[PDB]
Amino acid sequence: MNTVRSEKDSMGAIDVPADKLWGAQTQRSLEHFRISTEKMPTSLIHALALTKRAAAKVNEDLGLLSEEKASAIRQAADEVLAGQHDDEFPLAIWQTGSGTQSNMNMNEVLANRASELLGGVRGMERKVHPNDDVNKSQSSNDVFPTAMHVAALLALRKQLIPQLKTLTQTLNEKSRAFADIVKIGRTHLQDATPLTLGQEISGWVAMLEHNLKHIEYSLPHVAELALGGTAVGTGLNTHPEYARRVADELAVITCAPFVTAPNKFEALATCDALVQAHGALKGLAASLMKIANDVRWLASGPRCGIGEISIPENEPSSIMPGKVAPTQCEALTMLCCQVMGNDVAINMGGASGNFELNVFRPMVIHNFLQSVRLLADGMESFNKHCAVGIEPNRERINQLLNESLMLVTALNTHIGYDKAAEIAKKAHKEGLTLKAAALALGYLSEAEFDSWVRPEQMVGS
């Protein structure tokens, strides 16, 4: 659409596309921050809409906003939440550090749309006003941090934690299914004392269970909302009940335990809750990296690696059977590296507040919500396209066990340490199995070896 509409702010008039719902301040940000391609994610836009919806409801309860306007703002916000206005939010992450410009983007879009819903028009003849109505009782300084925490807490509760629980359940099923399959241990990459495949997988399960607890511990701080601190944390120019009322309303409409931040100065001056919560996410990334690496190394082959397990083959040469890459493991290890880098960017932004306001906020939330998407969707993908189909290669597992030198300790009680060690040394030096070396020395019979060397007795319970 080439045709324009003239929108105004305190700086003057500026042309906006006639087919868009934003206003003058959005247009100025769009034109002045042509930096790369990263924009606010949908989760954050939705959290801003939820914040405005709750603010309008409380302003109406307090007699500060008319019922007609409050209902129109709620309806407009619900359209945003329903996915009807994604193209109305064009602003970059790399904008003002308070996120003021995205606050104004929501104020302008909701005001112009609410005006239409009341039978009016968009633009300067609108019946609902971005600052006086949609931003009533609020500051950018308290709205943007509120939307950050709303988006973060809902993403953790609704996407990440459920996918973590699902992957954990799958691996727990596999651990139980493979509880009796003895395999060679590996420490330092070297052959080691045996354990069952179920025991090894139980370590992955325990890692994921511990990670869930650490993530859960980070949620109460993210649930604290800045809204009501206004410009600098004092709440000047707001009703004394606004802060608690809006947190309560957000809790009602999201079914999440939002509360007003007990100290609004900490809430405005820092991103500390997200620095801490992201600490738990980088812990999960380190655990997932290890699990993903174990899976791809154990599946490596078809003939010149380890090959103890098989995994689903999801992408396609017919001349090369068994030559499909562990692509889910690769995607997962890549995104785990991304989370580690994202943690550094978050830490730098979080360490860089000054006085009453941290102004590194768009960058912090860009990284935080990205890590949540990566970890949630990555666990979902790895689970459905790899973990549910892990299977042992029982003959290969047994071949490696039986060709190893590690089972020699089963001989000690029968023939003594000295002869057992002589057998292991001969097998290693001459390239023999333990059985072949033991028979060559005449220290036992084949029936004795088969009776005495029992891997299923070497793994505890």
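Residue numbers run from 1 along the displayed sequence.
- Where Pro316 is followed by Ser317 in the displayed chain, the model omits 1 to 3 of the deposited residues that sit between the two.
- The stretch 322 to 330 shows the higher mean C-alpha B-factor when 322 to 330 is compared against 269 to 277 in the entry.
- Comparing the deposited coordinates for 56 to 64 and 420 to 428, the stretch with the larger average C-alpha B-factor is 56 to 64.
- Among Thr168, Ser300, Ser352, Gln138, the highest C-alpha B-factor recorded in the PDB entry belongs to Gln138.
- Going by the entry's values, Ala114 shows the largest Cα B-factor out of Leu160, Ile184, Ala114, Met207.
- Ranked against the other modelled residues of its chain, the C-alpha B-factor of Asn398 as given in the entry falls in the middle third.
- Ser36: CA B factor lies in the lowest third for its chain, per the PDB record.
- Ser98: CA B factor lies in the lowest third for its chain, per the PDB record.
- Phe360: CA B factor in the lowest third of modelled residues in this chain (values from the PDB entry).
- The deposited CA B-factor of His385 belongs to the middle third of values across its chain.
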